[PDB]
Structures are given as C-alpha cells and as structure tokens.
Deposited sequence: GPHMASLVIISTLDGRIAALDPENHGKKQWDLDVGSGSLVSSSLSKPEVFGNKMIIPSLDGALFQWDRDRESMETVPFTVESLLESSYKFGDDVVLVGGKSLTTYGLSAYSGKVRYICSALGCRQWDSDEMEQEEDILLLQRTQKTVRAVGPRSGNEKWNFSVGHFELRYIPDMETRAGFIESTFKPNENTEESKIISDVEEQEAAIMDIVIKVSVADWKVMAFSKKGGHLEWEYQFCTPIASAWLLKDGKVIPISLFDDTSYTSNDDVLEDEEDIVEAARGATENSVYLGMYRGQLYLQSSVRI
C-alpha cells in the first residue's frame, strides 16, 4: 500500500502515498553508505562498474573492470568480497523480524523482504596492509510476499532528491517529499505486487535522431554524495 525509497546513506524510508507521503517507517541499519572510495580519476557506478574520468580530455571512458571483476584478479594485492544479506521487515509497522546472512540468521519474535548486496575491493600493497585504495558499492532489492496506484501517479526526481505524487486528473501536485540525501532506488508497493519506479521520466527523419539523442542523455545521472562522485544509468 506504500512507497519505499532507498537513499545513498544506506537507509530505507517508507511513505504512505495517501494523503501525505507521510513517513511510516525509517530503517537505519549501520552498513555504511551505498558508495565509498579511498585513494585520471575513477568514478564508481551504483551497479559496481568503474568509469575513468579524464579531466584533461573532458572524457568518460569505461574501465574494463568491475568491483567483482577485480576480485577475480605485480606489486599490489586485491582483497574484499561480495555479500548478500536479507532483512525480513514487517510491513507494516516497522520493523525487523530477522537479519539473514552468510554465517547465520538473527531473529526477533512477534511481510517485506529487503536484500542488501555489498561489493568491496581493497587494493593492498605488501608487505603490509596500508591499503593503496578501495571501492565499495551496495544496493537494495525488494520483495513482498503475503505504474502507480489508482487516482495518483508517483514520480522521482534524481537531481532534486524528491518523490512526488500527481493526480491523473489535472497532473497537479497531490503531495511531495524532499529527502536529505540522493535517491538510489524507489519502489511502489501496491496490492501485493512490488513495482519499481523509474528514476528517469519526462512526459506530458533527422527529427527522431534528436528525439533519441534527447533520450540518451535523459537516461544518465552523475551525482556527488559526501564527496563521492558516483554514476546512475540505464
């Protein structure tokens, strides 16, 4: 019945789409932020990809490595790993029912499944652990087991950190929520089914080339979060 938003700080918000977008539960689990880096320059994507931004040539080129691909592996040594943990949430209210991971489950006793994937790669230089650098990305995947809702459409502005509800009868604003950190994901949970909300939407010969070029720029976001440059794309 509600809306789930995954921000870059690694947190999960949940809004009741009627009337207010009034927050119904926040879930902060310490897990870090959704993207990290120590150390032209390399820009991590939310997926796990890295991109090389040459500042001298004004170019962005794909490095042929991933955080995972680096783990497959001169002078340095690669460490790190990929993890999958699932949080059994009680939608709604709250809450954590369990935290399931590789070494064990952590249960509380008393319908929303929330999986965090985390990929870390740390480059260390022998004969020591002085860490020459690292990259670490993460994201949430969501499942419920018991478009947009009728009367109201839900959109998401990446560059504005805003979720918004518009009436299909007027297009006008019904409610709005501003977040204090960049948005990485957004799901609309409705009548049992989980529905992913796109971050990239605009709606109301050599013509269609511009239309398709207009489309290709519309489908990439480059943001900054607490000093970390990252890259969202489709």
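Q: Comparing the deposited sequence with the modelled residues, which stretches have no C-alpha coordinates?
A: Deposited residues absent from the model fall in 1-5, 45-52, 87-91, 129-136, 173-204, 263-272, 303-305.
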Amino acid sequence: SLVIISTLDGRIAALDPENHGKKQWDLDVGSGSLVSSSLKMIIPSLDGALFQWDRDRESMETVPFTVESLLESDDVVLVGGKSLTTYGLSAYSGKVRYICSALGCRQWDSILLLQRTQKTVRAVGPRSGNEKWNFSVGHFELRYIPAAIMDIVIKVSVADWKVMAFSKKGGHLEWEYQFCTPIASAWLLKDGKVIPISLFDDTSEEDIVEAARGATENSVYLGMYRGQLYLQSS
From here on, numbers count along this sequence of modelled residues.
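Q: Taking the recorded C-alpha temperature factors, which stretch has the higher mean, 14-22 or 214-222?
A: Per the PDB record, 14-22.
Q: Please compare 183-191 with 26-34 and say which has the higher mean C-alpha temperature factor in the record.
A: Stretch with the greater average CA B-factor: 26-34.
Q: Based on what the PDB entry reports, which of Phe135, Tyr87, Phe140, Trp108 has the top C-alpha B-factor?
A: Within the set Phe135, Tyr87, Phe140, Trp108, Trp108 shows the top C-alpha B-factor.
Q: Per the PDB entry, which option out of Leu114, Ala102, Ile145, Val121 has the greatest Cα B factor?
A: Largest recorded C-alpha B-factor: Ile145.
Q: Compare the C-alpha B factor of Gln228 with those of the other modelled residues in its chain, then answer lowest, middle or highest third.
A: Middle third by C-alpha B-factor.
Q: Sorting the chain's modelled residues by C-alpha B-factor, tell me whether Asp54 ends up in the lowest, middle or highest third.
A: Ranked within chain, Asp54 CA B lands in the highest tercile.
Q: If you rank every modelled residue in this chain by C-alpha B factor, which third holds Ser128: lowest, middle or highest?
A: Answer is highest: the recorded C-alpha B-factor places it there.
Q: Within this chain, which third does the Cα B-factor at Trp161 fall in: lowest, middle or highest?
A: It belongs to the lowest third of the chain when residues are ordered by C-alpha B-factor.
Q: By the recorded C-alpha temperature factor, relative to the other modelled residues in its chain, which third is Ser198 in?
A: CA B-factor rank for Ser198: middle third.
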